[PDB]
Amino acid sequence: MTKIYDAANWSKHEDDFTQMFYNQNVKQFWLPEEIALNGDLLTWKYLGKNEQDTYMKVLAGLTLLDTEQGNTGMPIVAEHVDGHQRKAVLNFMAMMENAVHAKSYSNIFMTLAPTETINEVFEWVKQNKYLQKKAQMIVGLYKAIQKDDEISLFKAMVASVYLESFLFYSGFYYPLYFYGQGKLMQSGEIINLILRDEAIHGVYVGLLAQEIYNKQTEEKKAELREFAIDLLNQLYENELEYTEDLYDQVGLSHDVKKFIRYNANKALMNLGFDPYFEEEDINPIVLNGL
């Protein structure tokens, strides 16, 4: 009467959520080529030199983050997470990062900017100290993951949630700010698709992190919260300097800072933690950008 036991298939749920994330991720599949970009040519031409500079640099910072999330972050987390369906979701998310998201920025650059300006902005990412610091910190945690060591994995998942749900947002602000004013709307459409993806990526990785956290003693949990909050504050302080560096020339630094604090709270919530920053009024233009 006994049966022969199941061989890792697709009808069997590994958990309560992976299948629905799998379906959501694959149904959200897109390519930048679906969006024609020549319609932004005039609203781009009309921006001040300061505005164009900030815009290029903002997207370049995003490109760097997605490059490392696709090359390193998502594949390494996929390697250490158990279960073929969980791995399939993480592999799909990894593909989106570098094959779709990172590439879309080049589609935008190639439309709006001459080659020399494109070359210069990629040189600028290499030498920018805030962008290098944030990459160093995030990638360092990814590369510190030890096989069968759930704590090192948790730390990298916190880093990934902070990249998905917090760090992208100093960059996302500006395309959204323009979209909300009816400017650069084709580029803005691409960015909204990227943002829609990152929101579900941050939730999913957050749920995996909570799984590991929930296995710990109360004492260990207290240390993990310390790690998460210390890391958030360290990233936050660096992001403030990055934000000022980019946005002071367009007069928006204070507004962007409010936006990144808002999203920091969302990252904490994705990790099952209470909000850390007090609520503030976000620019309604950016809210219309959503």
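Numbering starts at 1 and runs along the sequence shown.
- For the pair 123-131 and 108-116, the record assigns the higher mean C-alpha temperature factor to 108-116.
- Of the two segments, 39-47 and 260-268, the one listed with the higher mean B-factor is 39-47 (C-alpha atoms only).
- In this PDB entry, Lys143 carries a Cα temperature factor that places it within the lowest third of its chain's modelled residues.
- Per the PDB record, residue ranking by Cα B-factor puts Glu34 in the highest third of the chain.
- In this PDB entry, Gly180 carries a Cα temperature factor that places it within the middle third of its chain's modelled residues.
- In this PDB entry, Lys57 carries a Cα temperature factor that places it within the lowest third of its chain's modelled residues.
- In the PDB entry, a CA B factor belonging to the middle third of its chain's modelled residues is recorded for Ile229.
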